[PDB]
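Notes to accompany the following structure.
A note on names: the letters A, B, ... follow the listed sequences, proteins ahead of strands, and every chain is numbered from 1. Any value given below was found using the heavy atoms of this structure, including those in side chains, with hydrogens, waters and symmetry copies removed.
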Amino acid sequence: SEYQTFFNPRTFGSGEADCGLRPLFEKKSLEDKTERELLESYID
Amino acid sequence: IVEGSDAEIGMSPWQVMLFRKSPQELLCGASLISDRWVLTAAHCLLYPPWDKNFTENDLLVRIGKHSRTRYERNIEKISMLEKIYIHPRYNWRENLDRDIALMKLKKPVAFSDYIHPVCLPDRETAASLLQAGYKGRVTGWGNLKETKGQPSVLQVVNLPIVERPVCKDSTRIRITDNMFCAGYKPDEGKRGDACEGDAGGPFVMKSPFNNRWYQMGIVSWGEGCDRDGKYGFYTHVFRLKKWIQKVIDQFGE
Amino acid sequence: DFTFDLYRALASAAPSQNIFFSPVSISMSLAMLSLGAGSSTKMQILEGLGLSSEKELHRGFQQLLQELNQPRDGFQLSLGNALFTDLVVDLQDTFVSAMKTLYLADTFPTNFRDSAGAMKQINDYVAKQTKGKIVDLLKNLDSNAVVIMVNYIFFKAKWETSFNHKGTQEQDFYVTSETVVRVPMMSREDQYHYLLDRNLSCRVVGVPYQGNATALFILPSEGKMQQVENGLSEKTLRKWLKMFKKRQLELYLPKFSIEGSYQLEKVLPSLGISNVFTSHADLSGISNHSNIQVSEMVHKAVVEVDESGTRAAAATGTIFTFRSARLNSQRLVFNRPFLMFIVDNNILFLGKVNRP
Ligand SMILES: *[C@@H]1O[C@H](CO[C@@H]2O[C@@H](C)[C@@H](O)[C@@H](O)[C@@H]2O)[C@@H](O)[C@H](O)[C@H]1NC(C)=O
């Protein structure tokens with residue numbers, strides 16, 4: 001999962017580098033019940 | 001949230017609940033973007049005509065929650081606020097343009113399986129994801145219907161982004177580029193919308209390019225909830241990113 | 001100030017009783033009286049009114065009386081002044097003229113040696129002038145009166161925002177912790193100018209009338225009425241008006257008519273204005289006769305509080321709707337003795353509603 005940080009931890013605090021990856025889903029290779037609907041909306 | 005469903009545990013770990021105090025009650029939704037910063041809507045905190053002006057000392061935030069009313073031991077965290085920053089050009093007199101506020105936690109919150117920050121979009125991700133037809137997700141503990149009808153647990157609803165011309169024709173209010181609208185069209189056969197109590201919450205989208213969740217918007221205003229031919233409006237997070245950066249740089253340390 | 005010293009004097013003389021009068025109306029009455037007074041008699045009156053220049057003083061009231069005379073179709077205000085003088089009292093042209101010109105007040109020769117007759121003459125005149133709103137001004141006219149000054153004022157205006165007459169319901173009113181009475185309680189949840197005075201320990205709510213006039217209702221905290229009364233002053237009033245903040249309230253206010261009738265000759269002396277009510281009164285401006293004095297100075301104020309307002313009171317505000325949670329509503333119930341002010345640029349009315 002490629003991500004380039006934009007903020008500076010000195011003022012932003014921690015957490016940006018690993019942002020948006022959920023411990024109980026992405027990090028466990030598990031999908032929630034409706035995210036497939038979102039991914040399917042990108043098909044055109 | 002109208003026509004949504006119960007969120008799964010840890011499904012929205014960046015979800016933040018904003019409260020007022022003495023008496024303490026749900027005020028709005030909000031989102032965690034780091035262990036010291038939280039995003040919400042300006043109208044959750046300030047509205048001169050009603051003498052509404054919630055400051056750090058009048059608020060508190062609960063993080064890592066699922067239940068709307070039950071305290072969740074060793075899971076939820078309560079964080080006081082050090083300071084709040086509302087966009088100086090938040091247009092409360094007309095259309096709630098730039099409906100955004102940043103809140104700095106008095107003490108950093110520890111991450112867990114239930115508390116984790118959401119990403120803010122870079123230019124490419126915003127251009128790639130914030131497009132008409134693509135669906136994003138809104139979460140909150142607000143009312144289930146326009147007209148006490150409150151959910152037992154965090155609600156979630158997926159909604160499609162709407163073309164700007166359609167958003168504009170749907171309301172008499174002057175829409176700006178710092179706003180976008182979302183929701184299903186009368187002919188799409190499905191429903192859903194944010195409602196009273198959901199303001200300040202996040203409108204997120206999952207990037208298929210890096211599998212990460214990005215907060216594209218902040219639940220802002222609407223006209224009623226889930227009405228035919230109407231759409232909910234959201235603060236365009238990317239367009240206000242320069243302001244976010246400025247505020248964080250000036251007050252973050 | 002004088003207005004508040006008088007308030008306390010009246011409340012002290014009649015404890016646990018309704019108190020209600022018009023401060024500006026009494027000030028006018030005194031100013032008018034000073035036109036025929038002299039020496040120390042006049043000085044006491046002026047000091048009482050806390051008085052720039054006399055010419056300015058009278059000019060102000062003359063104009064003010066003209067304005068309150070403009071039938072503003074949104075108010076019901078009847079203000080009047082009149083002097084009844086015994087038949088034998090020779091009146092000075094200058095005084096009679098100044099009264100009619102500056103205060104639009106007439107002087108009427110009266111046969112006070114015929115109480116019943118004079119009393120009916122006076123009451124009938126007042127009733128006529130107040131369109132029937134202020135009747136039976138006098139209830140007991142002491143014989144051998146020399147001069148009787150009467151000051152009356154009726155008021156009833158539409159609220160800026162109406163009270164749904166369908167929301168008005170009879171409720172319990174605690175005149176005391178032991179005495180309860182049923183009174184029609186109006187109500188309306190909405191935003192009101194509100195303030196919590198921790199110093200005096202009372203809650204103050206402002207309810208505006210159609211225009212620049214507003215009513216202030218003060219609910220002291222349990223057992224603090226006396227404490228609030230003692231704190232009443234121009235300074236305190238100014239403060240309240242300045243610290244007001246719009247607040248969502250579930251307001252419960254009694255629907256009522258309140259009146260107050262006072263023999264000011266019995267209270268003003270203790271406030272410094274005594275000479276004019278004695279045999280050594282210097283009223284050389286009114287008459288060249290030596291036994292001239294104000295026998296009685298009657299003031300009667302009547303105000304009616306109802307639901308009537310300008311607009312239907314509702315909706316509006318903005319086209320968009322907030323998605324933040326609705327404002328928390330606080331409960332403010334006036335079900336025990338409260339104070340009331342009605343103010344424009346001046347204090348039109350001040351009183352204590354001990355029993356609606
Ligand atoms: C919001 O309030 C801020 C602080 O106001 C002051 O402190 C509070 C506790 C009250 O005592 C209030 O009367 C004081 O003025 C202001 O600095 C700020 O301007 C207010 N919001 C805005 C921008 O109007």
Side-chain angles (χ1 to χ4, degrees), chain B residues 2 25 27 43-44 46-53 92-96 142-144 146-147 149-150 171-173 193 195-199 221-228 230, chain C residues 73-76 157-165 167-171 183-195 203-209 211 213-217 244-254 256 304-310 312-315 317-335 342:
Chain B
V2 182
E25 66 173 1
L27 184 66
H43 85 265
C44 285
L46 176 72
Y47 191 57
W50 293 6
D51 272 310
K52 177 190 293 186
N53 174 43
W92 53 268
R93 291 176 184 283
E94 183 198 355
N95 55 6
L96 305 186
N143 302 341
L144 301 174
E146 186 188 315
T147 56
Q150 307 186 71
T171 181
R172 298 165 290 172
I173 295 174
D193 191 13
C195 202
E196 187 181 314
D198 292 316
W221 60 279
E223 282 171 277
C225 304
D226 199 52
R227 293 181 182 169
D228 318 324
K230 303 296 289 186
Chain C
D73 47 58
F75 292 67
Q76 289 188 297
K158 298 181 175 301
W159 292 119
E160 185 185 69
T161 159
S162 305
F163 274 106
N164 186 189
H165 67 181
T168 304
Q169 201 175 70
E170 195 154 62
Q171 255 188 57
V183 308
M185 276 279 257
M186 307 185 288
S187 70
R188 184 186 70 199
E189 177 176 356
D190 184 34
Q191 287 217 298
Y192 299 97
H193 280 157
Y194 173 83
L195 180 65
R203 299 167 69 184
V204 188
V205 63
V207 188
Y209 277 114
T214 184
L216 302 183
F217 296 102
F244 267 163
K245 287 298 189 62
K246 300 184 183 180
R247 292 274 284 285
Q248 189 63 30
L249 304 175
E250 185 174 357
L251 181 67
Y252 288 103
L253 184 67
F256 64 91
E304 298 188 301
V305 174
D306 65 304
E307 303 99 307
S308 299
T310 300
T318 57
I319 294 177
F320 58 72
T321 52
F322 295 141
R323 281 183 171 187
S324 47
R326 66 186 60 182
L327 301 183
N328 168 242
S329 291
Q330 192 179 305
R331 205 165 55 192
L332 181 56
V333 190
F334 286 81
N335 52 25
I342 289 187

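Distance check: B:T171 OG1 to B:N95 CG gives 9.5 Å after rounding to the nearest 0.5 Å. Here the OG1-CD distance, from C:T318 to B:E223, works out to 9.0 Å after rounding to the nearest 0.5 Å. Within the model, atoms OG of C:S187 and CD of C:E307 stand 9.5 Å from one another, a figure rounded to the nearest 0.5 Å. One finds the CG atom of C:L249 at 11.5 Å from the NE2 atom of C:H193 (value rounded to the nearest 0.5 Å).
Using cut-offs of 30° and 60° on the angle between ring planes, the pair C:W159 and C:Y209 is parallel.
Side-chain atoms of C:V305 and C:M186, non-hydrogen and from C-beta on, do get closer than 4.5 Å to each other. Here the side chains of B:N143 and B:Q150 are in contact, with some heavy-atom distance below 4.5 Å. For the pair B:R227 and B:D193, the minimum side-chain heavy-atom distance is 4.5 Å or more. C:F334 has its side chain within reach of C:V205: a pair of non-hydrogen atoms, C-beta onward, lies under 4.5 Å apart. Between B:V2 and B:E146 the shortest side-chain heavy-atom distance does not fall below 4.5 Å.
A donor-acceptor pair is defined here as one N or O able to donate and one able to accept, closer than 3.5 Å; such a pair exists between the side chain of C:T321 and the backbone of B:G224. For the pair B:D198 (side chain) and B:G142 (backbone), a donor-acceptor distance under 3.5 Å is present. Remark: the backbone N or O of C:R323 is paired with a side-chain donor or acceptor of B:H43 at under 3.5 angstrom. Formation of a donor-acceptor pair under 3.5 Å by the C:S162 side chain with backbone atoms of C:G309 is found in this model.
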*Could you give me the CA-CA distance, side-chain angles and deciding distance for C:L251 and C:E189, then say whether side-chain contact (heavy atoms from CB on, under 4.5 Å) is met?*
CA-CA 6 Å; C:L251 181 67; C:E189 177 176 356; over 6 Å; no
*asked:* Using the rule given for side-chain contact (heavy atoms from CB on, under 4.5 Å), can you reason through C:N164 versus C:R188, listing the C-alpha separation, both sets of side-chain angles and the distance that settles it, and then say yes or no?
replied: CA-CA 7 Å; C:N164 186 189; C:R188 184 186 70 199; over 6 Å; no
*Kindly determine whether C:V207 and C:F217 satisfy side-chain contact (heavy atoms from CB on, under 4.5 Å), including the steps that lead there.*
CA-CA 8 Å; C:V207 188; C:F217 296 102; 3.9 Å; yes
*Any chance you could lay out the side-chain contact (heavy atoms from CB on, under 4.5 Å) test for C:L216 and C:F244, step after step, and finish with the verdict?*
CA-CA 11 Å; C:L216 302 183; C:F244 267 163; 3.6 Å; yes
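Summarising the geometry of B:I173 relative to C:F320, their closest heavy-atom pair is CD1-CB, 3.2 Å, with the distance given to 0.1 Å. Of all the heavy atoms in B:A199 and C:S324, the pair that sits closest is CB-N, 3.4 Å. Closest heavy-atom contact between C:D306 and C:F163: O-CD1, 4.3 Å. Nearest approach of C:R326 to B:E25, heavy atoms of both residues: O-OE2, 4.1 Å. Between C:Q248 and C:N328, the closest heavy-atom pair is CB-O, 3.5 Å. Closest approach of C:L327 and B:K52 over heavy atoms only: CD2-CE, 3.7 Å.
Among C:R247, C:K245, C:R203, C:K246, the one residue that satisfies the side-chain hydrogen bond (donor to acceptor under 3.5 Å, both in side chains) test with C:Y194 is C:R203.
Taking the ring centroids of B:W221 and C:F322, they lie at or beyond the 6.0 Å cut-off.
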